[PDB]
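K.L.:
Data file input10.cif (mmCIF, N, CA, C and O atoms) is appended below.
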```
data_run
loop_
_atom_site.label_atom_id
_atom_site.label_comp_id
_atom_site.auth_asym_id
_atom_site.auth_seq_id
_atom_site.Cartn_x
_atom_site.Cartn_y
_atom_site.Cartn_z
N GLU A 1 -98.86 -12.43 77.23
CA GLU A 1 -99.88 -11.99 78.17
C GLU A 1 -100.34 -10.58 77.86
O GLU A 1 -101.53 -10.34 77.61
N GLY A 2 -99.40 -9.64 77.87
CA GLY A 2 -99.73 -8.25 77.58
C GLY A 2 -98.78 -7.62 76.58
O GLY A 2 -99.20 -6.85 75.72
N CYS A 3 -97.50 -7.96 76.69
CA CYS A 3 -96.49 -7.42 75.79
C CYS A 3 -95.80 -8.54 75.02
O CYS A 3 -95.83 -9.70 75.41
N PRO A 4 -95.16 -8.17 73.90
CA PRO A 4 -94.45 -9.13 73.05
C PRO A 4 -93.18 -9.67 73.71
O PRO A 4 -92.20 -8.95 73.88
N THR A 5 -93.22 -10.95 74.09
CA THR A 5 -92.08 -11.58 74.73
C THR A 5 -91.55 -12.74 73.90
O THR A 5 -92.30 -13.64 73.52
N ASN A 6 -90.25 -12.72 73.61
CA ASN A 6 -89.62 -13.77 72.82
C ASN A 6 -89.68 -15.11 73.54
O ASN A 6 -89.38 -15.19 74.73
N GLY A 7 -90.07 -16.15 72.82
CA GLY A 7 -90.16 -17.47 73.41
C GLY A 7 -89.43 -18.53 72.61
O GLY A 7 -88.62 -18.21 71.72
N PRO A 8 -89.69 -19.80 72.91
CA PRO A 8 -89.06 -20.93 72.21
C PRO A 8 -89.54 -21.07 70.77
O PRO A 8 -90.38 -21.91 70.47
N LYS A 9 -88.99 -20.24 69.89
CA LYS A 9 -89.36 -20.27 68.48
C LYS A 9 -88.12 -20.34 67.60
O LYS A 9 -87.04 -19.89 67.98
N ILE A 10 -88.28 -20.92 66.41
CA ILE A 10 -87.17 -21.05 65.47
C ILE A 10 -87.38 -20.16 64.25
O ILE A 10 -88.45 -20.11 63.66
N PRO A 11 -86.32 -19.42 63.88
CA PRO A 11 -86.35 -18.51 62.73
C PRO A 11 -86.43 -19.26 61.40
O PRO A 11 -86.62 -20.48 61.37
N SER A 12 -86.28 -18.53 60.30
CA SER A 12 -86.34 -19.12 58.97
C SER A 12 -84.97 -19.64 58.55
O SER A 12 -84.86 -20.67 57.88
N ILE A 13 -83.93 -18.92 58.95
CA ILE A 13 -82.56 -19.31 58.61
C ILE A 13 -82.29 -20.76 58.98
O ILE A 13 -81.52 -21.45 58.31
N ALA A 14 -82.95 -21.23 60.03
CA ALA A 14 -82.79 -22.61 60.49
C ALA A 14 -82.98 -23.59 59.34
O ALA A 14 -82.41 -24.68 59.34
N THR A 15 -83.80 -23.20 58.36
CA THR A 15 -84.07 -24.05 57.21
C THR A 15 -82.78 -24.57 56.59
O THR A 15 -82.74 -25.67 56.06
N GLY A 16 -81.72 -23.76 56.67
CA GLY A 16 -80.44 -24.16 56.12
C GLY A 16 -79.80 -25.29 56.89
O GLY A 16 -79.10 -26.13 56.32
N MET A 17 -80.03 -25.32 58.20
CA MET A 17 -79.47 -26.35 59.06
C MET A 17 -80.13 -27.70 58.78
O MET A 17 -79.46 -28.73 58.74
N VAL A 18 -81.44 -27.69 58.60
CA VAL A 18 -82.19 -28.91 58.32
C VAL A 18 -81.83 -29.48 56.95
O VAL A 18 -81.39 -30.62 56.84
N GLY A 19 -82.02 -28.67 55.92
CA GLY A 19 -81.71 -29.11 54.57
C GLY A 19 -80.28 -29.57 54.42
O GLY A 19 -79.99 -30.51 53.68
N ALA A 20 -79.37 -28.91 55.13
CA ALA A 20 -77.95 -29.26 55.08
C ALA A 20 -77.71 -30.65 55.65
O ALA A 20 -77.03 -31.47 55.03
N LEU A 21 -78.27 -30.92 56.82
CA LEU A 21 -78.12 -32.21 57.47
C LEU A 21 -78.75 -33.32 56.63
O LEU A 21 -78.13 -34.34 56.36
N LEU A 22 -80.00 -33.11 56.23
CA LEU A 22 -80.73 -34.08 55.43
C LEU A 22 -79.93 -34.47 54.19
O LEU A 22 -79.62 -35.64 53.97
N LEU A 23 -79.59 -33.47 53.38
CA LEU A 23 -78.82 -33.70 52.16
C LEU A 23 -77.47 -34.34 52.48
O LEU A 23 -77.03 -35.26 51.79
N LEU A 24 -76.82 -33.85 53.53
CA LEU A 24 -75.53 -34.37 53.94
C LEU A 24 -75.56 -35.89 54.03
O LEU A 24 -74.67 -36.57 53.51
N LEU A 25 -76.58 -36.42 54.70
CA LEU A 25 -76.72 -37.86 54.86
C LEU A 25 -77.01 -38.53 53.52
O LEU A 25 -76.50 -39.61 53.23
N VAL A 26 -77.83 -37.88 52.70
CA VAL A 26 -78.18 -38.41 51.39
C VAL A 26 -76.95 -38.55 50.50
O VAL A 26 -76.76 -39.57 49.84
N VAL A 27 -76.11 -37.52 50.50
CA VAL A 27 -74.89 -37.53 49.70
C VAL A 27 -73.94 -38.63 50.16
O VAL A 27 -73.33 -39.31 49.34
N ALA A 28 -73.83 -38.79 51.47
CA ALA A 28 -72.95 -39.81 52.04
C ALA A 28 -73.35 -41.20 51.57
O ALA A 28 -72.50 -42.03 51.25
N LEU A 29 -74.66 -41.45 51.52
CA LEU A 29 -75.17 -42.75 51.09
C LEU A 29 -74.88 -42.99 49.61
O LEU A 29 -74.55 -44.10 49.21
N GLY A 30 -75.01 -41.93 48.81
CA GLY A 30 -74.76 -42.04 47.39
C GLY A 30 -73.31 -42.39 47.09
O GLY A 30 -73.04 -43.31 46.31
N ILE A 31 -72.39 -41.66 47.70
CA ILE A 31 -70.96 -41.89 47.48
C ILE A 31 -70.58 -43.31 47.89
O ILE A 31 -70.03 -44.07 47.08
N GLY A 32 -70.87 -43.67 49.13
CA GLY A 32 -70.54 -45.00 49.62
C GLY A 32 -71.00 -46.09 48.67
O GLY A 32 -70.19 -46.85 48.15
N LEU A 33 -72.31 -46.17 48.44
CA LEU A 33 -72.87 -47.17 47.55
C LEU A 33 -72.17 -47.16 46.20
O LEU A 33 -72.01 -48.20 45.56
N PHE A 34 -71.73 -45.98 45.77
CA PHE A 34 -71.04 -45.84 44.50
C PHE A 34 -69.73 -46.61 44.50
O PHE A 34 -69.39 -47.29 43.53
N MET A 35 -68.99 -46.51 45.60
CA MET A 35 -67.71 -47.20 45.74
C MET A 35 -67.92 -48.71 45.83
O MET A 35 -67.16 -49.49 45.26
N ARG A 36 -68.95 -49.11 46.57
CA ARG A 36 -69.25 -50.53 46.74
C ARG A 36 -69.61 -51.17 45.41
O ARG A 36 -68.99 -52.15 44.99
N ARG A 37 -70.63 -50.62 44.74
CA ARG A 37 -71.07 -51.15 43.46
C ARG A 37 -69.94 -51.12 42.44
O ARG A 37 -69.61 -52.15 41.84
N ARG A 38 -69.34 -49.95 42.25
CA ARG A 38 -68.25 -49.80 41.30
C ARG A 38 -67.07 -50.69 41.68
O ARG A 38 -66.68 -50.76 42.85
N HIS A 39 -66.51 -51.37 40.69
CA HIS A 39 -65.37 -52.26 40.92
C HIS A 39 -64.12 -51.46 41.28
O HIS A 39 -64.12 -50.23 41.21
N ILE A 40 -63.06 -52.17 41.66
CA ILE A 40 -61.81 -51.53 42.03
C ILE A 40 -60.61 -52.38 41.61
O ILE A 40 -60.64 -53.60 41.70
N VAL A 41 -59.56 -51.71 41.14
CA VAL A 41 -58.35 -52.40 40.71
C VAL A 41 -57.12 -51.83 41.39
O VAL A 41 -57.02 -50.62 41.61
N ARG A 42 -56.17 -52.71 41.72
CA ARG A 42 -54.94 -52.29 42.38
C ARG A 42 -53.99 -51.62 41.39
O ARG A 42 -53.59 -52.23 40.40
N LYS A 43 -53.64 -50.37 41.67
CA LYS A 43 -52.74 -49.62 40.81
C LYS A 43 -51.65 -48.93 41.62
O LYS A 43 -51.94 -48.21 42.59
N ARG A 44 -50.40 -49.14 41.24
CA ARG A 44 -49.27 -48.53 41.93
C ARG A 44 -49.29 -47.01 41.78
O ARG A 44 -49.32 -46.49 40.66
N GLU B 1 -99.65 -1.77 42.04
CA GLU B 1 -100.34 -0.56 41.60
C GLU B 1 -101.55 -0.28 42.48
O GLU B 1 -101.66 0.78 43.10
N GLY B 2 -102.47 -1.24 42.54
CA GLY B 2 -103.67 -1.08 43.35
C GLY B 2 -103.95 -2.29 44.21
O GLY B 2 -104.38 -2.16 45.36
N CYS B 3 -103.71 -3.48 43.66
CA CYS B 3 -103.95 -4.72 44.39
C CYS B 3 -102.66 -5.52 44.53
O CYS B 3 -101.69 -5.32 43.80
N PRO B 4 -102.64 -6.45 45.50
CA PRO B 4 -101.48 -7.29 45.76
C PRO B 4 -101.23 -8.31 44.65
O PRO B 4 -102.00 -9.26 44.48
N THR B 5 -100.16 -8.10 43.90
CA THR B 5 -99.81 -8.99 42.80
C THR B 5 -98.46 -9.65 43.03
O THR B 5 -97.46 -8.97 43.26
N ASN B 6 -98.42 -10.97 42.96
CA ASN B 6 -97.19 -11.72 43.16
C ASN B 6 -96.17 -11.40 42.07
O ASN B 6 -96.50 -11.38 40.88
N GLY B 7 -94.93 -11.14 42.47
CA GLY B 7 -93.89 -10.82 41.52
C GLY B 7 -92.65 -11.68 41.71
O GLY B 7 -92.66 -12.69 42.40
N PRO B 8 -91.54 -11.26 41.07
CA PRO B 8 -90.26 -11.98 41.16
C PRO B 8 -89.63 -11.88 42.54
O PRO B 8 -88.71 -11.09 42.76
N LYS B 9 -90.14 -12.67 43.48
CA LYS B 9 -89.62 -12.67 44.84
C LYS B 9 -89.30 -14.09 45.31
O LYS B 9 -89.90 -15.05 44.84
N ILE B 10 -88.36 -14.21 46.24
CA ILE B 10 -87.97 -15.51 46.77
C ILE B 10 -88.40 -15.66 48.22
O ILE B 10 -88.20 -14.78 49.05
N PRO B 11 -89.01 -16.82 48.53
CA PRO B 11 -89.49 -17.12 49.89
C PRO B 11 -88.34 -17.34 50.87
O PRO B 11 -87.18 -17.11 50.54
N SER B 12 -88.67 -17.80 52.07
CA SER B 12 -87.67 -18.06 53.10
C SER B 12 -87.10 -19.46 52.96
O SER B 12 -85.91 -19.69 53.20
N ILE B 13 -87.95 -20.41 52.58
CA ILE B 13 -87.53 -21.79 52.41
C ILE B 13 -86.30 -21.89 51.52
O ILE B 13 -85.46 -22.77 51.70
N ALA B 14 -86.19 -20.97 50.56
CA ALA B 14 -85.06 -20.95 49.65
C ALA B 14 -83.74 -21.00 50.41
O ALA B 14 -82.74 -21.51 49.91
N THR B 15 -83.74 -20.47 51.63
CA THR B 15 -82.54 -20.45 52.46
C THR B 15 -81.90 -21.83 52.53
O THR B 15 -80.68 -21.96 52.64
N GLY B 16 -82.73 -22.87 52.48
CA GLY B 16 -82.23 -24.23 52.54
C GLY B 16 -81.47 -24.62 51.29
O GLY B 16 -80.52 -25.40 51.36
N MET B 17 -81.88 -24.08 50.15
CA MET B 17 -81.22 -24.37 48.88
C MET B 17 -79.82 -23.76 48.83
O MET B 17 -78.88 -24.38 48.35
N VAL B 18 -79.70 -22.54 49.34
CA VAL B 18 -78.42 -21.85 49.36
C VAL B 18 -77.44 -22.53 50.31
O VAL B 18 -76.34 -22.93 49.91
N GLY B 19 -77.83 -22.65 51.57
CA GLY B 19 -76.98 -23.29 52.56
C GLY B 19 -76.57 -24.69 52.15
O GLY B 19 -75.44 -25.12 52.42
N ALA B 20 -77.48 -25.41 51.51
CA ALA B 20 -77.20 -26.77 51.07
C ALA B 20 -76.10 -26.80 50.01
O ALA B 20 -75.15 -27.58 50.11
N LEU B 21 -76.23 -25.93 49.01
CA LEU B 21 -75.24 -25.86 47.94
C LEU B 21 -73.88 -25.42 48.48
O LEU B 21 -72.86 -26.05 48.21
N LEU B 22 -73.88 -24.33 49.24
CA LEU B 22 -72.65 -23.81 49.82
C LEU B 22 -71.91 -24.90 50.60
O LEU B 22 -70.75 -25.20 50.31
N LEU B 23 -72.58 -25.48 51.58
CA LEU B 23 -71.99 -26.53 52.40
C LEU B 23 -71.58 -27.72 51.54
O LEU B 23 -70.51 -28.30 51.73
N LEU B 24 -72.44 -28.08 50.59
CA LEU B 24 -72.16 -29.20 49.70
C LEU B 24 -70.76 -29.09 49.10
O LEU B 24 -69.99 -30.05 49.10
N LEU B 25 -70.44 -27.91 48.58
CA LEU B 25 -69.13 -27.67 47.98
C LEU B 25 -68.03 -27.72 49.04
O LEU B 25 -66.94 -28.25 48.79
N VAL B 26 -68.31 -27.17 50.21
CA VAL B 26 -67.35 -27.16 51.31
C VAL B 26 -66.98 -28.58 51.74
O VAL B 26 -65.81 -28.89 51.94
N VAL B 27 -68.00 -29.43 51.87
CA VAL B 27 -67.78 -30.81 52.27
C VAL B 27 -66.96 -31.57 51.23
O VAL B 27 -66.08 -32.35 51.57
N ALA B 28 -67.26 -31.32 49.96
CA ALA B 28 -66.55 -31.98 48.87
C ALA B 28 -65.06 -31.66 48.92
O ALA B 28 -64.22 -32.53 48.69
N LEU B 29 -64.73 -30.41 49.21
CA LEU B 29 -63.34 -29.97 49.29
C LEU B 29 -62.63 -30.64 50.47
O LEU B 29 -61.47 -31.02 50.37
N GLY B 30 -63.34 -30.76 51.59
CA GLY B 30 -62.76 -31.38 52.77
C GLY B 30 -62.41 -32.84 52.54
O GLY B 30 -61.31 -33.28 52.86
N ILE B 31 -63.36 -33.60 52.00
CA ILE B 31 -63.15 -35.02 51.74
C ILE B 31 -61.97 -35.23 50.79
O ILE B 31 -61.02 -35.94 51.11
N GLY B 32 -62.05 -34.60 49.61
CA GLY B 32 -60.98 -34.73 48.64
C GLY B 32 -59.61 -34.50 49.24
O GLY B 32 -58.76 -35.39 49.23
N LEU B 33 -59.39 -33.30 49.76
CA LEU B 33 -58.11 -32.95 50.36
C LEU B 33 -57.70 -33.99 51.40
O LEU B 33 -56.51 -34.27 51.58
N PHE B 34 -58.69 -34.57 52.08
CA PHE B 34 -58.43 -35.58 53.09
C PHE B 34 -57.77 -36.81 52.48
O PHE B 34 -56.83 -37.37 53.03
N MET B 35 -58.29 -37.24 51.33
CA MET B 35 -57.76 -38.40 50.64
C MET B 35 -56.36 -38.12 50.08
O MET B 35 -55.47 -38.97 50.15
N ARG B 36 -56.18 -36.92 49.54
CA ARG B 36 -54.89 -36.53 48.98
C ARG B 36 -53.82 -36.48 50.06
O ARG B 36 -52.79 -37.16 49.95
N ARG B 37 -54.06 -35.68 51.09
CA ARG B 37 -53.11 -35.54 52.19
C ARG B 37 -52.84 -36.89 52.85
O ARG B 37 -51.70 -37.32 52.97
N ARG B 38 -53.91 -37.56 53.27
CA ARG B 38 -53.80 -38.86 53.93
C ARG B 38 -53.14 -39.87 53.00
O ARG B 38 -53.46 -39.95 51.81
N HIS B 39 -52.20 -40.65 53.55
CA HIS B 39 -51.50 -41.66 52.77
C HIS B 39 -52.43 -42.80 52.39
O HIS B 39 -53.57 -42.86 52.85
N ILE B 40 -51.94 -43.71 51.55
CA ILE B 40 -52.73 -44.85 51.11
C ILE B 40 -51.86 -46.09 50.93
O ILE B 40 -50.72 -45.99 50.47
N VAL B 41 -52.40 -47.24 51.29
CA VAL B 41 -51.67 -48.50 51.17
C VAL B 41 -52.48 -49.53 50.39
O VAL B 41 -53.70 -49.59 50.51
N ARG B 42 -51.79 -50.35 49.60
CA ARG B 42 -52.45 -51.38 48.81
C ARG B 42 -52.86 -52.56 49.68
O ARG B 42 -52.02 -53.18 50.33
N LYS B 43 -54.15 -52.86 49.70
CA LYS B 43 -54.67 -53.97 50.49
C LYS B 43 -55.64 -54.81 49.67
O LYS B 43 -56.58 -54.29 49.07
N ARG B 44 -55.42 -56.12 49.66
CA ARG B 44 -56.28 -57.04 48.92
C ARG B 44 -57.68 -57.08 49.53
O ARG B 44 -57.81 -57.36 50.72
#
```
Using structure tokens, write down the structure that the file contains.
P.N.:
Amino acid sequence: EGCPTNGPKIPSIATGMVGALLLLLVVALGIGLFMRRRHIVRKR
Amino acid sequence: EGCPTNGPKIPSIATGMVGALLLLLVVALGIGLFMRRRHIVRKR
């Protein structure tokens, strides 16, 4: 209105939270599928 | 010197690349140690 008042805004650092979550899910999918596709043998 | 010239500088978005890599390594360590510590049984 007249003076600078902090409101509902997100900083730049937040970028790390988004990219982290996104990639996190991507990595999880890669590993899992890797175990499924890749065969497995019983070893003592 | 006189006019605005782009140089060797990094934007804010880069923050996502750093946090992603850092966390990525952290998560990898957690999972691994989890498998090592946690016992395992042979199941068909």
K.L.:
I need the contact residues of chain B against chain A, so if you could list those with any atom within 6 Å, counting all atoms listed in the file, and return them as a list in words, that would help.
P.N.:
residues 12, 13, 15, 16, 19 and 20 of chain B
K.L.:
What gap, in Å, lies between atom CA of residue 40 of chain A and atom CA of residue 37 of chain B?
P.N.:
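Interatomic distance here is 20.8 Å.
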K.L.:
Rounded to one decimal place, report the atom N of residue 39 of chain A-atom C of residue 32 of chain B distance in Å.
P.N.:
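Value for the atom N of residue 39 of chain A-atom C of residue 32 of chain B distance: 20.1 Å.
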K.L.:
To one decimal place, how far is atom CA of residue 28 of chain B from atom CA of residue 31 of chain A in Å?
P.N.:
10.9 Å
K.L.:
Can I have chain A aligned to chain B? Use a least-squares fit on all Cα atoms paired in order and write it out as a JSON list (two decimals) with N, CA, C and O atoms, keeping the file's coordinate frame.
P.N.:
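Wrote superposed_24.json, looks like this:
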```
[["chain", "number", "residue", "atom", "x", "y", "z"],
["A", 1, "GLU", "N", -99.55, -1.66, 42.02],
["A", 1, "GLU", "CA", -100.23, -0.45, 41.58],
["A", 1, "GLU", "C", -101.42, -0.14, 42.46],
["A", 1, "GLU", "O", -101.50, 0.93, 43.07],
["A", 2, "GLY", "N", -102.36, -1.09, 42.54],
["A", 2, "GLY", "CA", -103.55, -0.90, 43.37],
["A", 2, "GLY", "C", -103.84, -2.09, 44.25],
["A", 2, "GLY", "O", -104.25, -1.93, 45.40],
["A", 3, "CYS", "N", -103.63, -3.29, 43.71],
["A", 3, "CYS", "CA", -103.88, -4.51, 44.46],
["A", 3, "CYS", "C", -102.60, -5.33, 44.60],
["A", 3, "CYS", "O", -101.64, -5.16, 43.85],
["A", 4, "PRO", "N", -102.59, -6.25, 45.58],
["A", 4, "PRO", "CA", -101.44, -7.11, 45.84],
["A", 4, "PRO", "C", -101.22, -8.15, 44.73],
["A", 4, "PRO", "O", -102.01, -9.08, 44.58],
["A", 5, "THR", "N", -100.15, -7.97, 43.96],
["A", 5, "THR", "CA", -99.84, -8.88, 42.88],
["A", 5, "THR", "C", -98.49, -9.56, 43.10],
["A", 5, "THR", "O", -97.48, -8.89, 43.32],
["A", 6, "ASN", "N", -98.48, -10.89, 43.04],
["A", 6, "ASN", "CA", -97.25, -11.65, 43.23],
["A", 6, "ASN", "C", -96.24, -11.36, 42.13],
["A", 6, "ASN", "O", -96.59, -11.35, 40.96],
["A", 7, "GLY", "N", -95.00, -11.13, 42.53],
["A", 7, "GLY", "CA", -93.96, -10.84, 41.56],
["A", 7, "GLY", "C", -92.73, -11.70, 41.73],
["A", 7, "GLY", "O", -92.76, -12.72, 42.45],
["A", 8, "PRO", "N", -91.63, -11.33, 41.09],
["A", 8, "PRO", "CA", -90.36, -12.07, 41.18],
["A", 8, "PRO", "C", -89.71, -11.96, 42.55],
["A", 8, "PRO", "O", -88.78, -11.19, 42.74],
["A", 9, "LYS", "N", -90.21, -12.75, 43.49],
["A", 9, "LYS", "CA", -89.68, -12.75, 44.85],
["A", 9, "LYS", "C", -89.38, -14.17, 45.31],
["A", 9, "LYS", "O", -89.99, -15.13, 44.85],
["A", 10, "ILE", "N", -88.42, -14.29, 46.23],
["A", 10, "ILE", "CA", -88.03, -15.59, 46.76],
["A", 10, "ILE", "C", -88.44, -15.73, 48.22],
["A", 10, "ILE", "O", -88.22, -14.85, 49.04],
["A", 11, "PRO", "N", -89.06, -16.88, 48.54],
["A", 11, "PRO", "CA", -89.51, -17.18, 49.91],
["A", 11, "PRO", "C", -88.35, -17.41, 50.87],
["A", 11, "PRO", "O", -87.19, -17.18, 50.52],
["A", 12, "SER", "N", -88.66, -17.86, 52.08],
["A", 12, "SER", "CA", -87.65, -18.12, 53.09],
["A", 12, "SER", "C", -87.09, -19.53, 52.95],
["A", 12, "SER", "O", -85.90, -19.76, 53.18],
["A", 13, "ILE", "N", -87.96, -20.46, 52.58],
["A", 13, "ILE", "CA", -87.54, -21.85, 52.41],
["A", 13, "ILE", "C", -86.33, -21.96, 51.50],
["A", 13, "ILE", "O", -85.49, -22.85, 51.68],
["A", 14, "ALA", "N", -86.21, -21.04, 50.56],
["A", 14, "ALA", "CA", -85.08, -21.03, 49.63],
["A", 14, "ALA", "C", -83.76, -21.09, 50.38],
["A", 14, "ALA", "O", -82.77, -21.60, 49.86],
["A", 15, "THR", "N", -83.75, -20.56, 51.60],
["A", 15, "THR", "CA", -82.54, -20.56, 52.42],
["A", 15, "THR", "C", -81.91, -21.94, 52.48],
["A", 15, "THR", "O", -80.70, -22.07, 52.57],
["A", 16, "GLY", "N", -82.75, -22.98, 52.42],
["A", 16, "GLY", "CA", -82.25, -24.34, 52.46],
["A", 16, "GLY", "C", -81.49, -24.72, 51.21],
["A", 16, "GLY", "O", -80.54, -25.51, 51.26],
["A", 17, "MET", "N", -81.90, -24.17, 50.07],
["A", 17, "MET", "CA", -81.26, -24.45, 48.80],
["A", 17, "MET", "C", -79.86, -23.83, 48.75],
["A", 17, "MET", "O", -78.91, -24.45, 48.26],
["A", 18, "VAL", "N", -79.74, -22.61, 49.25],
["A", 18, "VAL", "CA", -78.46, -21.91, 49.27],
["A", 18, "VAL", "C", -77.47, -22.58, 50.22],
["A", 18, "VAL", "O", -76.39, -22.99, 49.81],
["A", 19, "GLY", "N", -77.87, -22.69, 51.48],
["A", 19, "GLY", "CA", -77.01, -23.31, 52.47],
["A", 19, "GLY", "C", -76.60, -24.71, 52.09],
["A", 19, "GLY", "O", -75.48, -25.14, 52.36],
["A", 20, "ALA", "N", -77.51, -25.44, 51.44],
["A", 20, "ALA", "CA", -77.24, -26.81, 51.01],
["A", 20, "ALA", "C", -76.14, -26.84, 49.96],
["A", 20, "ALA", "O", -75.20, -27.62, 50.07],
["A", 21, "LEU", "N", -76.26, -25.99, 48.95],
["A", 21, "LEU", "CA", -75.28, -25.92, 47.88],
["A", 21, "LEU", "C", -73.92, -25.48, 48.41],
["A", 21, "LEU", "O", -72.91, -26.11, 48.15],
["A", 22, "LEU", "N", -73.92, -24.39, 49.16],
["A", 22, "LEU", "CA", -72.70, -23.84, 49.73],
["A", 22, "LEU", "C", -71.95, -24.91, 50.52],
["A", 22, "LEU", "O", -70.79, -25.22, 50.24],
["A", 23, "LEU", "N", -72.62, -25.49, 51.51],
["A", 23, "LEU", "CA", -72.03, -26.53, 52.34],
["A", 23, "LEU", "C", -71.61, -27.73, 51.49],
["A", 23, "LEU", "O", -70.53, -28.29, 51.69],
["A", 24, "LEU", "N", -72.46, -28.11, 50.55],
["A", 24, "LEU", "CA", -72.18, -29.24, 49.68],
["A", 24, "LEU", "C", -70.78, -29.12, 49.08],
["A", 24, "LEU", "O", -70.01, -30.09, 49.09],
["A", 25, "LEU", "N", -70.46, -27.95, 48.54],
["A", 25, "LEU", "CA", -69.16, -27.71, 47.94],
["A", 25, "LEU", "C", -68.06, -27.75, 48.99],
["A", 25, "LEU", "O", -66.97, -28.27, 48.75],
["A", 26, "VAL", "N", -68.34, -27.19, 50.16],
["A", 26, "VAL", "CA", -67.38, -27.16, 51.25],
["A", 26, "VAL", "C", -67.01, -28.57, 51.70],
["A", 26, "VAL", "O", -65.83, -28.88, 51.90],
["A", 27, "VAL", "N", -68.02, -29.42, 51.85],
["A", 27, "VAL", "CA", -67.79, -30.80, 52.26],
["A", 27, "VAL", "C", -66.97, -31.56, 51.23],
["A", 27, "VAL", "O", -66.08, -32.33, 51.58],
["A", 28, "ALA", "N", -67.27, -31.33, 49.96],
["A", 28, "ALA", "CA", -66.56, -32.00, 48.87],
["A", 28, "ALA", "C", -65.07, -31.67, 48.92],
["A", 28, "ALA", "O", -64.23, -32.54, 48.71],
["A", 29, "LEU", "N", -64.75, -30.41, 49.21],
["A", 29, "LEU", "CA", -63.36, -29.97, 49.27],
["A", 29, "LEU", "C", -62.64, -30.62, 50.46],
["A", 29, "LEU", "O", -61.48, -30.99, 50.35],
["A", 30, "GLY", "N", -63.36, -30.74, 51.58],
["A", 30, "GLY", "CA", -62.78, -31.33, 52.76],
["A", 30, "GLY", "C", -62.42, -32.80, 52.55],
["A", 30, "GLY", "O", -61.30, -33.22, 52.87],
["A", 31, "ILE", "N", -63.36, -33.56, 52.02],
["A", 31, "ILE", "CA", -63.15, -34.99, 51.78],
["A", 31, "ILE", "C", -61.97, -35.20, 50.82],
["A", 31, "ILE", "O", -61.01, -35.90, 51.16],
["A", 32, "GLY", "N", -62.05, -34.59, 49.65],
["A", 32, "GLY", "CA", -60.98, -34.73, 48.67],
["A", 32, "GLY", "C", -59.61, -34.48, 49.27],
["A", 32, "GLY", "O", -58.76, -35.37, 49.27],
["A", 33, "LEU", "N", -59.39, -33.27, 49.77],
["A", 33, "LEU", "CA", -58.12, -32.92, 50.38],
["A", 33, "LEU", "C", -57.70, -33.94, 51.42],
["A", 33, "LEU", "O", -56.51, -34.21, 51.60],
["A", 34, "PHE", "N", -58.68, -34.52, 52.11],
["A", 34, "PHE", "CA", -58.41, -35.51, 53.13],
["A", 34, "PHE", "C", -57.76, -36.75, 52.54],
["A", 34, "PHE", "O", -56.81, -37.29, 53.10],
["A", 35, "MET", "N", -58.27, -37.19, 51.39],
["A", 35, "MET", "CA", -57.74, -38.36, 50.71],
["A", 35, "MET", "C", -56.34, -38.08, 50.16],
["A", 35, "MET", "O", -55.45, -38.92, 50.22],
["A", 36, "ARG", "N", -56.17, -36.88, 49.61],
["A", 36, "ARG", "CA", -54.88, -36.49, 49.04],
["A", 36, "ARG", "C", -53.80, -36.45, 50.11],
["A", 36, "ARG", "O", -52.77, -37.12, 50.00],
["A", 37, "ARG", "N", -54.03, -35.66, 51.17],
["A", 37, "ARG", "CA", -53.08, -35.53, 52.25],
["A", 37, "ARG", "C", -52.81, -36.89, 52.90],
["A", 37, "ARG", "O", -51.66, -37.32, 53.01],
["A", 38, "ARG", "N", -53.87, -37.56, 53.33],
["A", 38, "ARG", "CA", -53.75, -38.86, 53.96],
["A", 38, "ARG", "C", -53.10, -39.87, 53.02],
["A", 38, "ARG", "O", -53.46, -39.95, 51.84],
["A", 39, "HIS", "N", -52.15, -40.63, 53.54],
["A", 39, "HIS", "CA", -51.46, -41.64, 52.74],
["A", 39, "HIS", "C", -52.39, -42.79, 52.37],
["A", 39, "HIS", "O", -53.52, -42.86, 52.86],
["A", 40, "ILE", "N", -51.91, -43.69, 51.52],
["A", 40, "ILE", "CA", -52.70, -44.83, 51.09],
["A", 40, "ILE", "C", -51.83, -46.07, 50.88],
["A", 40, "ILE", "O", -50.71, -45.97, 50.38],
["A", 41, "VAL", "N", -52.35, -47.23, 51.27],
["A", 41, "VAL", "CA", -51.61, -48.48, 51.12],
["A", 41, "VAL", "C", -52.45, -49.52, 50.39],
["A", 41, "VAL", "O", -53.66, -49.60, 50.59],
["A", 42, "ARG", "N", -51.78, -50.32, 49.55],
["A", 42, "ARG", "CA", -52.47, -51.36, 48.79],
["A", 42, "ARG", "C", -52.80, -52.55, 49.68],
["A", 42, "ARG", "O", -51.91, -53.16, 50.27],
["A", 43, "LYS", "N", -54.09, -52.87, 49.77],
["A", 43, "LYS", "CA", -54.54, -53.98, 50.58],
["A", 43, "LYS", "C", -55.53, -54.86, 49.81],
["A", 43, "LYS", "O", -56.52, -54.36, 49.26],
["A", 44, "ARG", "N", -55.26, -56.16, 49.77],
["A", 44, "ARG", "CA", -56.13, -57.10, 49.08],
["A", 44, "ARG", "C", -57.50, -57.18, 49.74],
["A", 44, "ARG", "O", -57.60, -57.45, 50.94]]
```
K.L.:
From a DSSP pass on the backbone, collect the residues of chain B flagged as alpha helix (DSSP H) and hand them back as a list in words.
P.N.:
residues 15, 16, 17, 18, 19, 20, 21, 22, 23, 24, 25, 26, 27, 28, 29, 30, 31, 32, 33, 34, 35, 36 and 37 of chain B
K.L.:
Please determine an axis-aligned box that encloses all atoms of segment 3-21 of chain A listed in the file, with 6 Å added on each side, and express its centre and edge lengths in Å to one decimal as JSON.
P.N.:
```
{"center_x": -87.3, "center_y": -20.9, "center_z": 65.2, "size_x": 32.5, "size_y": 38.9, "size_z": 35.0}
```
